[PDB]
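Just so you know, the sequences run in chain order T, F, V, C, D, A and E.
Each residue of the first sequence is one higher than the last, beginning at 1 in the authors' numbering.
Each residue of the second sequence is one higher than the last, beginning at 11 in the authors' numbering.
Each residue of the third sequence is one higher than the last, beginning at 27 in the authors' numbering.
Each residue of the fourth sequence is one higher than the last, beginning at 27 in the authors' numbering.
Each residue of the fifth sequence is one higher than the last, beginning at 13 in the authors' numbering.
Each residue of the sixth sequence is one higher than the last, beginning at 10 in the authors' numbering.
Each residue of the seventh sequence is one higher than the last, beginning at 3 in the authors' numbering.
Ideal placement from N, C-alpha and C gives every residue a C-beta, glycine not left out.
Below is one structure, written out as structure tokens; comments come after it.
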Amino acid sequence: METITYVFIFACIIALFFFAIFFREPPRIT
Amino acid sequence: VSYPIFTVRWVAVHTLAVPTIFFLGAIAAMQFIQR
Amino acid sequence: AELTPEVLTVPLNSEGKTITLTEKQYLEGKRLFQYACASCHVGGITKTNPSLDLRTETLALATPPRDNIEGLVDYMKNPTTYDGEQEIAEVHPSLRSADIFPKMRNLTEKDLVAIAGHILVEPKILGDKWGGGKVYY
Amino acid sequence: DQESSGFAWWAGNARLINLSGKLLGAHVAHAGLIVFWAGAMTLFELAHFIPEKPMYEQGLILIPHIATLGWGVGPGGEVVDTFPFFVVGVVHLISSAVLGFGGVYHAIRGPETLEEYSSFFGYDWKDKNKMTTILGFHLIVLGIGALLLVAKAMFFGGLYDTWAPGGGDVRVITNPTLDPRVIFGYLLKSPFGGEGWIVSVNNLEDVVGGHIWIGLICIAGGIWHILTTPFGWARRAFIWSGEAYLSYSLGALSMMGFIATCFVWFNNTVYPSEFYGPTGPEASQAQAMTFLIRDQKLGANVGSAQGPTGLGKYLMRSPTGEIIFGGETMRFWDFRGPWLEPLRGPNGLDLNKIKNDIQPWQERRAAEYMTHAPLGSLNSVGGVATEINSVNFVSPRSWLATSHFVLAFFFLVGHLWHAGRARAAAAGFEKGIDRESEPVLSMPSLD
Amino acid sequence: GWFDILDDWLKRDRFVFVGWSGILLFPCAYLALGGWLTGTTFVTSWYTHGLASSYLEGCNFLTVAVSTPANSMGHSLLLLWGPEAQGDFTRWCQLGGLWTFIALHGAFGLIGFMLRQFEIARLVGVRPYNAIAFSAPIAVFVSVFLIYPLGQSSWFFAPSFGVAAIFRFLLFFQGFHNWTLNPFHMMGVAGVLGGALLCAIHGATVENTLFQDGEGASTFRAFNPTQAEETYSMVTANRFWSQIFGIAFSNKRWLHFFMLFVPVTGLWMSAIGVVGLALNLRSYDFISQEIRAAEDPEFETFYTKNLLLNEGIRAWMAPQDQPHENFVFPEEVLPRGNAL
Amino acid sequence: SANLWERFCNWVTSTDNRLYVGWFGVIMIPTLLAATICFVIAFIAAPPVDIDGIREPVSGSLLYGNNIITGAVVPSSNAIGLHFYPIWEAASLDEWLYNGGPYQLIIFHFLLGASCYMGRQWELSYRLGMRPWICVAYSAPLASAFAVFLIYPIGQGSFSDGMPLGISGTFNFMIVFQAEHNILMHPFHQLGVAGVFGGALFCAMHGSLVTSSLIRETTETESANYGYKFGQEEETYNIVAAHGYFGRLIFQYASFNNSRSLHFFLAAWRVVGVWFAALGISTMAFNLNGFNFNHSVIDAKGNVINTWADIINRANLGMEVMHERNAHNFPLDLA
Amino acid sequence: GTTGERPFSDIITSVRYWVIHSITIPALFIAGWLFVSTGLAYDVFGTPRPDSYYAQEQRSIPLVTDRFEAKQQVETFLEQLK
Ligand SMILES: CCCCCCCCCCCCCCCCCC(=O)OC[C@H](CO[C@@H]1O[C@H](CO[C@H]2O[C@H](CO)[C@H](O)[C@H](O)[C@H]2O)[C@H](O)[C@H](O)[C@H]1O)OC(=O)CCCCCCCCCCCCCCCCC
Ligand code: CLA
Ligand code: CLA
Ligand code: CLA
Ligand code: CLA
Ligand code: CLA
Ligand code: CLA
Ligand code: CLA
Ligand SMILES: C=Cc1c(C)c2cc3nc(c4c5[nH]c(cc6nc(cc1[nH]2)C(C)=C6CC)c(C)c5C(=O)[C@@H]4C(=O)OC)[C@@H](CCC(=O)OC/C=C(\C)CCC[C@@H](C)CCC[C@@H](C)CCCC(C)C)[C@H]3C
Ligand SMILES: CC1=C(\C=C/C(C)=C\C=C/C(C)=C/C=C/C=C(C)/C=C/C=C(C)/C=C/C2=C(C)CCCC2(C)C)C(C)(C)CCC1
Ligand SMILES: [Fe+2]
């Protein structure tokens, strides 16, 4: 049980890596 | 020009330079206190 | 002042006579003890065989008595187990066996008496720290 | 070359990379401290060396090498000739003057530019051939003594061989190794525990035997490059610049130094221990040996003694070779030295042997190595991390292996910073990034 | 005027600034440096730890330390002229004292110095923020030199003002508080450590994305002290890590700010954590494990395997570390593995 | 096309691929992909490991009873030590499992691909055309990770004693060490804790000042941070009004006007100390442990006066004694 | 920024610096030394000298027991103590 809680965090975080890198707000050269 | 010898700057630089050598001498002295 | 005359005075013969000592001899004792090798023997234990220590009592119970400024001398000259049964000369530094342990060559009755007095003396000051290791350290 | 039209002071030697070096003499300049250092320390070493005291017990880094070459030793690791050692340092030392006497010149009073005096091979880096030919000389140069050693090994006195029949003893390498499978085979050998590609070397027959092969192999290269120009995929591949040359070249040391540090810590052959300390693993194996004896001699069966953990105190079992000492000592069941090999067997350590053919000359060498172990503090108080001050001793191996790593490491840091700055000239952005023509402020935005 | 004269004077430039603050910074801060120094050189610390704490006694740099008050005083400020010492600068120097001194005088040096960061800051038209960041240490030094001790038994168990004497402060925690395993302390290293990288990187990351705007092999001079001109292409930046690490520090106000945060923050998380240790509230615990540690004598995690090290650190040092308890542990009671 | 690889060649070196993948890339990229994959699982669900020379299995998997902190994937056993224990040398998959073979995989792998990242750390500074004394900063890091996973092991002979991959594991690798190396009393680690502490202080310093002399561009409702656009031509801070402050705050000349120098100081400090440190471990790797002053201070009679380091050492024995109880089958922890 | 307090290179490189100082610097170096040599430093800071850390016979530590009548303690220890 609690070890899923560990693995759930561990995972949803790897996906916070997904978005923050690929759907991150881009650098606008102006 | 003519800048004093008793400068704010100096009082400090001194409180240190006086002891330091007082100490350094104290220590170089201990270097032999055998027995 | 602290390393006093009689505290530097120790038993000579299994018969009582005391040789007292000097600050000179004591020193050679230190210089020696370490050069004669504390490599197994460092502090007051015995790394090759931890079961035997150099504490005053231990040397007394030895055979023949080995607490005599004398005793240790025979030993260093010729070694014997705690049995006094078979000569251990080949596995232990000894003048009998110099060709094995070089350090033991430059050794003399002068140098010996010293390294000896060092052994019977150290306990007197260090207390138990002499026999024990690690634990007391 | 003054300041402006040069680098800053800390990058001093860079202004010497300009035009044609004013001094080879720098390199020679120190090519002396290096040889002079042998002259001082060697003198200094013997200057403190006693013949009885175990060579490694008297901080002898330099002296042990002479011994390992057969000089001033003979029977056992005992030193008979205090002379030979003295000789070598005296010579080098003095030898250094000429080396420095000249470098010191070449740098201030000679051609501030040998680019012009050129002629004799001369100077300029981009010059792809002057460089192929130069290294070429220094290639015949090395292999030169590869043989020099083979000679000392085969024609002047021999080397020290701990394995050597009787026991450690100056012996002459009669029959070096032919078979290329062997001499070369090491490179192809495992890198990990059990077989180090360079390190693993039982005897001298393969050493001097291999060196031979290297002298010629190496000479064949100087002879080679000296005659020709590097091919086109070569030019295409590697940046050519004085710096860039140091850049590569420097990272051959880095690697190599590790290869030393990793070697001086592990071998009993080329580093006898009678001159250096007993090798790390040897130690925790020596302990084993000493106590296997202590009890067996005290009346214990040893072989059939069930140990605390479930394994057995004195004897244990390894996965590939069946039998070895057991403790935590296991890690070193790969250790091999003459003091423990007699008591060896087909399947591994032999119970029958270890029980009755274990002689005295071993219990005492075994005990020396149990004590004298590669363990000490900078303080130089040899022993466990927590030992009382008294017996002090730091293994030559400690200092040797340690240093070279930190240096060899640092060098790897070098191979980088000199490649990092040199791969930069290659396009010119090494000075910086041009404020009006930068590749990035004009490129398809990643997104 | 009368005030402003004092102001006017002490307030303007003269190299080594001296301000409304200095009045407490300089004096406290000085004594403090001295306070520690004198001890290491001449003062002994024997009458409190039976331990030598001075060059004069033979101690070295890594040995010397200005003791800490015997467990007999507790938290008494131990005053030079107080009931305990009675202005007897030798006894007062003997009962330790210098400690409370160094620590208290010191405690001000910080208060004082941070103020100075404000004073000079409000005078130069900048954001004090630096002065804020400086809480980072005040909190630490407060908790770790006053709070923790104040929470325990005596000034004794408080830091040591030593080189090694301070290393003891570590182990002792690991061994008794098993700090190493305390969340709060963790962020404490998460910030220091995490920040160091942040520092070493911005520093170098900057150096390399430097516009060659000088001539030759000295990009150190080519920089303009005079005016505005982004020296490091912020553009050659993002498009670098964005492709090498996946992320881009696009902006410099935040970058050069987030660097303020990292540490200061962790430190606080440390100061909190230790506050815990003050009232022995520590993270040694970890029931879930220990409860199952009872049965299953064969299940073993590092936690336990580690926790055991601690248990040794106690049994061996306590007797000599905490002398005022006259601990006595017979040969037998000491925990040891089979062998040594 | 003349050859189809031609495109593979520019792609790898695509100076515009969202995520650059150099030639190092082509090795890094997966070396870590395999390394990570083994890891993430070993943690989530992996059997115990005999680690120490015996047959005492140490569990380190969440599914086997680990809190995230107790978590850790364990090393290879003193049985293998240095021999190469790859997945095929082991008979049953479970052998590799028990004898702790994941370690080598994870360690060897990342510990490798890591370096290539170090290379590909610079490969972008070449395709991008920027000074590259950057990749080096990264060294110190990789050096240590290499030190704590590859030198020390070769030093003591077994991967057994190499900082176990896991949280509480490190703590272990540590406390032990102190005991066998008195690392804390080691001149190197010092210069290590030196910079780290520094950098962590400088990281807050340089970050402090900048934001402290930030400049104008906002209301009070607006976020002051907004005052800036990516690709600004002139820096946002007022350097003169910064040094003009900091310099003053004690000494005036112990300050930096040379932004290039300062940002540099930030680089080298952390990066240099960390090195020494990385070397510290690598130094004691072959037993040149920290200092040692036990019984080094004595009086006349010889009665011994404990040095404040003797306590260090006292607490040290407490450590020496316990660590790895059962295996140690002899008087001297010669490994 | 505009700075104007009496310059350093000036005096470290000054002829007078070295002449006032040459004589006075070691006066401190010497002063410290004497402070140690007389052996007053000891009595100055209670700091015991090797000759007198432990009494002659006893093996115990002269530890301050009660914070309020501490002054006595020290004595009674320094007392019996040589
Ligand atoms: C198989 C695929 C592996 C993939 C790994 C890829 C990773 C990328 C590489 C980076 C680092 C890992 C590479 C490992 C190299 C280290 C050597 C090693 O581990 O192998 C261990 C061996 C040890 O050899 C020993 O050899 C011994 C044999 O000696 C014994 O037996 C002998 C006779 O047989 C003699 O009698 C002797 O006296 C006696 O002691 C035993 O067999 C031991 O078990 C055995 O360990 O070392 C050696 O031979 C090899 C020497 C190589 C030189 C290395 C120099 C030092 C290493 C520095 C690492 C650089 C990286 C740094 C990056 C960070 C910043 C720099
Ligand atoms: C392998 C051999 C080798 C050789 C021949 C060179 C040669 C060179 N290196 Mg170099 N380097 C090497 C290895 C080598 N390096 C390694 C392994 C590293 C990794 C750290 C480096 C890192 C490095 C850097 C960062 C730089 C160089 C630079 C240089 C060039 C400048 C010359 C020089 O620095 O002299 C001058 C010697 C000094 C300045 C030494 C003093 C160093 C100062 C900063 C500290 C002073 C020490 C002080 C604390 C001593 C205490 C004394 C006490 C009494 C006060 C020169 C071509 C410079 C360059 O740009 O060349 C292209 C440069 O910036 N190197
Ligand atoms: C470590 C070895 C080493 C060597 C071989 C050199 C060599 C050189 N450096 Mg140099 N340098 C070094 C370390 C070294 N450096 C370090 C560590 C730093 C950091 C401070 C520098 C910083 C630096 C700068 C800024 C410059 C050089 C320059 C030079 C070159 C000019 C030499 C000269 O003008 O001397 C002049 C000699 C004197 C003024 C008097 C010195 C007397 C020496 C030569 C004799 C000593 C011999 C010994 C004591 C006794 C032997 C006597 C013998 C007859 C038996 C020369 C190639 C210059 C250059 O750019 O070259 C083109 C230059 O501008 N260096
Ligand atoms: C290959 C490099 C090397 C190595 C491995 C050694 C190793 C040794 N030397 Mg040694 N030495 C060297 C070069 C080296 N030396 C050189 C070039 C000189 C001439 C100056 C000397 C002069 C010398 C003397 C007079 C003595 C020794 C002694 C020793 C032994 C004990 C020294 C010790 O314990 O203090 C440890 C020393 C340190 C820990 C120094 C601290 C390092 C600080 C300054 C930072 C270093 C950082 C940097 C990366 C390392 C520099 C490398 C080194 C060449 C300086 C030890 C075997 C002693 C001995 O054994 O007598 C027979 C001894 O009396 N050496
Ligand atoms: C270590 C490598 C090395 C290399 C590659 C060189 C290379 C060179 N040196 Mg040189 N040198 C070196 C080491 C080196 N040196 C050392 C260690 C010293 C210390 C003295 C010198 C001292 C020195 C001086 C005083 C001079 C040179 C000169 C030269 C250049 C002349 C080349 C020539 O035709 O000589 C060919 C030499 C031989 C083939 C050797 C012949 C040996 C016998 C047959 C006669 C030599 C005279 C006698 C034996 C002793 C020499 C006395 C001396 C005045 C030459 C050449 C670039 C000359 C120069 O100015 O170049 C521009 C020059 O005047 N060197
Ligand atoms: C590859 C050639 C090679 C190798 C493997 C060795 C090996 C050895 N020599 Mg040795 N030696 C050599 C060449 C070599 N030597 C040459 C040319 C000379 C001059 C004649 C000597 C002179 C010499 C003396 C006087 C002594 C030794 C000794 C030794 C042994 C001591 C351990 C050691 O440090 O060396 C082995 C370590 C290495 C060889 C380092 C390995 C690095 C190489 C294999 C890789 C280099 C790669 C590099 C990038 C090449 C670039 C080429 C290009 C493709 C870029 C060891 C077996 C000692 C000994 O054993 O007897 C007493 C000793 O006293 N040597
Ligand atoms: C001493 C320093 C030194 C330096 C700096 C050089 C430098 C050079 N040499 Mg060279 N050389 C030297 C010494 C040196 N040599 C010596 C002592 C010899 C004696 C023969 C030679 C003999 C030699 C020859 C015959 C040639 C060179 C060539 C070269 C040039 C190309 C080398 C290259 O880039 O390799 C890069 C090579 C690789 C990166 C190999 C990668 C492929 C691997 C996978 C091989 C496969 C391994 C295989 C399975 C066996 C084992 C594999 C593994 C398990 C170990 C380069 C300028 C070449 C040149 O153009 O002119 C001479 C060339 O043809 N050298
Ligand atoms: C200035 C500091 C310093 C000092 C005092 C030393 C001192 C020493 N080094 Mg050394 N080393 C250093 C820096 C230093 N090193 C650096 C920066 C590197 C690059 C990482 C090395 C790489 C290195 C290796 C690979 C070896 C040494 C060895 C030695 C020892 C024998 C010297 C020697 O080999 O004579 C003349 C040469 C030999 C006796 C053997 C030659 C080995 C063959 C020819 C391969 C190539 C040699 C090597 C690459 C050249 C370096 C020689 C050295 C004098 C710099 C000696 C204690 C040897 C050792 O371990 O003890 C015997 C050894 O094998 N060093
Ligand atoms: C590694 C430990 C450490 C040291 C020793 C240290 C030292 C210093 N930090 C300073 C500053 C800072 N540190 C800062 C954040 C941090 N600093 C950190 C960690 C340290 N900072 C970490 C925790 C954070 C990370 C951000 C901020 C940004 C600043 C400041 O800007 C400031 C600075 O500008 O530095 C240049 C300097 C301020 C000088 C001063 O106030 O004197 C004046 C008054 C003093 C110090 C008198 C105090 C007297 C008290 C403390 C008595 C103590 C005596 C003992 C502790 C001495 C014992 C010595 C041992 C050997 C036992 C300098 C003293
Ligand atoms: C660093 C440099 C420099 C210089 C120099 C160099 C670098 C080098 C070198 C070198 C050198 C500087 C060398 C040398 C030398 C010489 C010598 C070293 C010598 C000698 C001799 C001796 C030492 C001897 C002695 C003796 C004898 C004769 C015999 C018997 C014994 C006796 C001891 C008596 C400078 C600063 C300017 C800068 C540039 C670079
Ligand atoms: Fe900045």
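With a cut-off of 8 angstroms, the C-beta of residue 172(C) is classified as near ligand 6, since at least one heavy atom of the ligand falls inside that distance.
Set against 8 angstroms, the gap from the CB of residue 215(C) to the closest heavy atom of ligand 11 is not smaller. Not one beta carbon of chain C lies nearer than 9 angstroms to the beta carbon of residue 161(V). Contact annotation for residue 53(E) against chain A: 308 and 309 [CB-CB distance below 9 angstroms, chain order]. Short note on residue 270(A): C-beta not closer than 8 angstroms to any heavy atom of ligand 11.
Residue 321(A) and residue 433(C) have their C-alpha atoms spaced approximately 30 angstroms apart. In the structure shown, the three-state DSSP call for residue 120(V) is coil. For ligand 10, residues qualifying as neighbours are 55(C), 56(C), 58(C), 62(C), 122(C), 123(C) and 126(C), where qualification means a beta carbon closer than 5 angstroms to at least one of its heavy atoms (chain order). A straight-line Cα-Cα distance of about 47 angstroms links residue 140(V) and residue 202(A). Among the residues facing chain F, residue 27(E) is included, as its CB has a counterpart in that chain under 9 angstroms away. At least one heavy atom of ligand 9 lies closer than 8 angstroms to the C-beta of residue 206(A).
By the criterion of a C-beta distance shorter than 6 angstroms, residue 126(A) is surrounded in its chain by 37, once the five residues flanking it on both sides are discounted.
Per DSSP, residue 45(F) lies in no alpha helix (DSSP H) segment and is marked neither H nor E. DSSP places residue 271(D) in the helix class (H, G or I) of the three-state scheme.
In this structure, residue 299(A) places its C-beta atom within 9 angstroms of the C-beta atom of residue 403(C).
When 7 angstroms is used as the limit between beta carbons, residue 30(E) is near no residue of chain D, the shortest such separation being about 14 angstroms. Of all residues in the region 175-198 of chain D, none comes within less than 7 angstroms of chain E when Cβ atoms are compared. Taken in chain order, the complete alpha helix (DSSP H) segments of 4 or more residues contained in the region 112-200 of chain D are 142-145, 147-154, 160-163 and 179-184. Distances between the C-beta of residue 133(C) and the heavy atoms of ligand 3 include at least one below 8 angstroms. With fewer than 16 other Cβ atoms inside 10 Å of its own Cβ, residue 24(F) counts as exposed.
Close to residue 340(A), with beta-carbon spacing below 8 angstroms, are these residues of chain V in chain order: 73 and 76.
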